[PDB]
Amino acid sequence: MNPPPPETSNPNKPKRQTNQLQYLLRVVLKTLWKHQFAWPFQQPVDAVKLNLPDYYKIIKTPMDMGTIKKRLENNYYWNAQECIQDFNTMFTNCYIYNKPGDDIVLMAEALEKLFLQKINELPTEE
Amino acid sequence: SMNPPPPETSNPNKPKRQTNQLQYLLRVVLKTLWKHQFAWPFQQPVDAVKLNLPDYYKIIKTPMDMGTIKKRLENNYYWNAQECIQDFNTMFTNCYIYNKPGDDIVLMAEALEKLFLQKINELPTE
Ligand SMILES: COc1nnc2ccc(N3CCC(c4ccc(OCCN5CCN(C)C(=O)[C@H]5C)cc4)CC3)nn12
């Protein structure tokens, strides 16, 4: 079976609105979401619908852009690095599960290149 | 390389008619396939530029996709149900030709084709 999706809102966690977190939602997540290769990464991997019975035997830290969008909206992250780690986990999971050079891996590699271009333009803390 | 222009979906010089088979192809066949979990790569012409497939249109000279078939049905472009069925078959076979047995995209096309064949076996009598 599929696991429940990652936690996205926690009222017990402290919250802060910052220019780096705003950039991650308004620029980074927005740009990646609209990319031509984003669709398979917009929601948690549905291992049942996709016939991947070993997906959650191999990937114990699933991550997807729909979860990242919700985390940003709900002030789940205190630091930009926590959000950046979730984007990195999403790409790494794809590289671990799939064979190198597969179409899905080339999609993730292109999204990662675009992500890293946008993270180089992360504004300095105000 | 550029993409070719998409297949024509409307031609005001062609005659038009409504048939129970053409209605069934839009209402039942195309609608059922469109909602399938693996339909999304087949819902628009193959954009070889955005998808980074430089040899696609060197191999596939009769491109076809469900977005085009849907528009053809909505524009009364088809006179015979056979023309619509041929377009679905062209779409699947193009996928089998460009890709290789066992590729994820081919398994997606095979699942759609199985459903298509089930729905076409119940095509109403003219
Ligand atoms: C008619 O289209 C058409 N004709 N020739 C072609 C040639 C390639 C091609 N495409 C490019 C590849 C794409 C695609 C491939 C696999 C895939 O998922 C595999 C399962 N995933 C699920 C999601 N995550 C994040 C994963 O790590 C693993 C577990 C998803 C999309 C479908 C479109 N389309 N194409």
Side-chain angles (χ1 to χ4, degrees), chain A residues 1-3 5-6 32-33 35-69 86-112 115, chain B residues 1 3-4 6-7 33-34 36-70 87-113 116:
Chain A
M1 297 153 66
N2 291 323
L32 274 48
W33 191 276
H35 193 275
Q36 60 268 34
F37 299 154
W39 201 94
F41 301 92
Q42 284 174 353
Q43 59 286 309
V45 168
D46 189 336
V48 174
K49 181 183 273 180
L50 281 278
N51 306 298
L52 312 164
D54 64 335
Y55 189 86
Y56 291 105
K57 301 184 188 289
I58 294 160
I59 299 303
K60 303 304 195 187
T61 312
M63 192 46 57
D64 66 278
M65 297 201 299
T67 294
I68 291 165
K69 181 175 180 290
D86 281 344
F87 277 102
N88 286 321
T89 293
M90 175 181 78
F91 303 129
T92 299
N93 289 346
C94 186
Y95 304 152
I96 293 165
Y97 186 73
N98 300 286
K99 188 176 181 189
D102 278 351
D103 290 325
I104 193 61
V105 171
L106 295 172
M107 287 171 88
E109 289 173 351
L111 292 167
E112 187 185 11
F115 170 70
Chain B
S1 293
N3 291 311
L33 265 62
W34 195 272
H36 194 278
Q37 52 271 39
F38 300 154
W40 59 276
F42 303 91
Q43 289 173 340
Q44 56 287 311
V46 170
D47 182 340
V49 177
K50 291 189 187 283
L51 299 175
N52 191 23
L53 305 170
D55 59 344
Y56 190 83
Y57 290 110
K58 291 178 197 178
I59 294 157
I60 298 302
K61 310 300 194 183
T62 303
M64 186 52 55
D65 65 279
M66 299 205 290
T68 298
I69 294 166
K70 186 169 192 302
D87 280 352
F88 275 101
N89 287 312
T90 294
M91 177 181 77
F92 299 124
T93 59
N94 285 347
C95 188
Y96 307 151
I97 290 164
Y98 181 72
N99 302 289
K100 299 297 195 290
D103 283 346
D104 292 332
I105 190 67
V106 169
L107 296 174
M108 291 174 82
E110 285 172 354
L112 293 170
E113 183 188 31
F116 169 73

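In what follows, chains are A, B, ... by sequence order, proteins preceding strands, each numbered from 1. Remember, it's 1-based here, ligands and their atoms both numbered in the order they're listed. The figures that follow rest on heavy atoms only: side chains count, while hydrogens, waters and symmetry mates do not.
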**OP:** Return the option from A/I58, A/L52, B/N99, A/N51 holding the heavy atom at the smallest distance from atom 5 (N) of ligand 1.
**Re:** B/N99
**OP:** Give me the ring orientation class for B/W40 and A/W39: parallel if the planes are under 30° apart, tilted from 30 to 60°, perpendicular past 60°.
**Re:** parallel
**OP:** Quick one: look at B/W40 and ligand 1, take heavy-atom pairs under 4.0 Å, and tell me if it's side chain, backbone, both or neither.
**Re:** side chain
**OP:** List every atom of ligand 1 that sits less than 4.0 Å from any heavy atom of A/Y97, numbering the atoms from 1 in the order shown and giving each element.
**Re:** 29 (C)
**OP:** Specify the protein heavy atom at minimum distance from atom 19 (C) of ligand 1: its residue, its atom name, and the distance to 0.1 Å.
**Re:** B/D104 OD2, 3.7 Å
Subject >> Pairwise distance CG(B/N99) to CG(A/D103) - rounded to 0.5 angstrom >> reply: 7.0 Å
**OP:** Compare A/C94, B/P41, A/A47 and give the one whose heavy atom is closest to atom 2 (O) of ligand 1.
**Re:** B/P41
Subject >> Closest approach of A/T89 to A/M63 (non-hydrogen atoms, all atoms of both residues) >> reply: CG2-CB, 4.0 Å
Subject >> Plane angle bin for B/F38 and B/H36 - parallel if under 30°, tilted between 30 and 60°, otherwise perpendicular >> reply: tilted
**OP:** Any chance you could lay out the side chain to side chain contact (heavy atoms under 4.5 Å, CB included) test for A/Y95 and A/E112, step after step, and finish with the verdict?
**Re:** CA-CA 11 Å; A/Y95 304 152; A/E112 187 185 11; 2.7 Å; yes
**OP:** Just jot down the ligand 1 atoms closer than 4.0 angstrom to any heavy atom of B/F42, in number order.
**Re:** 1 (C)
Original post:
Looking at A/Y55, which atoms of ligand 1 are within less than 4.0 Å of one of its heavy atoms?
Top reply: 29 (C)
Original post:
Does atom NZ of A/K60 have more than 12 heavy-atom neighbours from other groups under 6.0 Å away?
Top reply: yes
Original post:
Of the protein's non-hydrogen atoms, which lies at the shortest distance from atom 3 (C) of ligand 1, and what is that distance?
Top reply: B/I105 CG1, 3.9 Å
Original post:
Which residue owns the protein heavy atom closest to atom 24 (N) of ligand 1, what's the atom, and how far is it?
Top reply: A/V45 CG2, 3.8 Å
Original post:
Where on B/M108 is there a heavy atom closer than 4.0 Å to ligand 1, on the side chain, on the backbone, on both, or on neither?
Top reply: neither
**OP:** Would you sort out whether A/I104 and A/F41 count as a side chain to side chain contact (heavy atoms under 4.5 Å, CB included), showing the intermediate values?
**Re:** CA-CA 10 Å; A/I104 193 61; A/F41 301 92; 3.8 Å; yes
